[PDB]
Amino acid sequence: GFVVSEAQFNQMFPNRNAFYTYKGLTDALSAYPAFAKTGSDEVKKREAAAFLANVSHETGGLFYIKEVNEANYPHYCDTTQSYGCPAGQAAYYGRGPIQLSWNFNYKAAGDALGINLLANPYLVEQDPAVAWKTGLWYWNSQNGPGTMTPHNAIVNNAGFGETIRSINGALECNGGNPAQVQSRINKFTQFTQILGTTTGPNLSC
């Protein structure tokens, strides 16, 4: 049973849209049985916190489902990928707890979850369980602009800093944008405190 109790979940997200439910999250745990299950209790809590902290930053405390700035919707369609942008040139904008974006990421996430998110990316804004799963998907399998899965970054005690790097690294780390690095870490401190666990080393990037 998930190291995050509902009370805790709520304490972390007192402003979450009703789309995102505690039960949605717990149901999605299936998909990635190692997640918040590898390592000791302390480490298990650390990963859970690390994930949710990042989620919180991506979605303004789970307030938002679809990415806010419509102006830049048209910019997530990489046409050098063979499979293109079937659902529309401006259809791969951020959705759900990790704000999944880009045609390539919808495709890949779709394959991994046996759902055709490339053809219908709106499923992420529509179905909570799909949306949670796309989060865990990314968390557990993606390197993004970094060099490991956020999951390992935590489980290999490689440091929260590294979850930042693999989630947004390119824009945020190395002075890219320290405002955002701080948001992430702050949430991570709040959340670990909430679960009674420690943050561990190398928090920054």
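Don't overthink the numbering: it's just position in the shown sequence, from 1.
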* Asked: Higher mean Cα B-factor in the deposited model: 132-140 or 39-47?
  -> 39-47
* Structure fact -> For 93-101 versus 116-124, entry-based mean Cα B-factors point to 116-124
* To do: Have a look at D27, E172, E58, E162 and flag the one whose Cα has the highest B-factor in the entry.
  => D27
* Structure fact -> In terms of its chain's C-alpha B-factors, the third that includes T21 is the highest
* How does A34 rank on Cα B-factor within its chain, lowest, middle or highest third? -> highest
* Asked: Of the three thirds of its chain by CA temperature factor, lowest, middle or highest, which one includes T198?
  -> middle
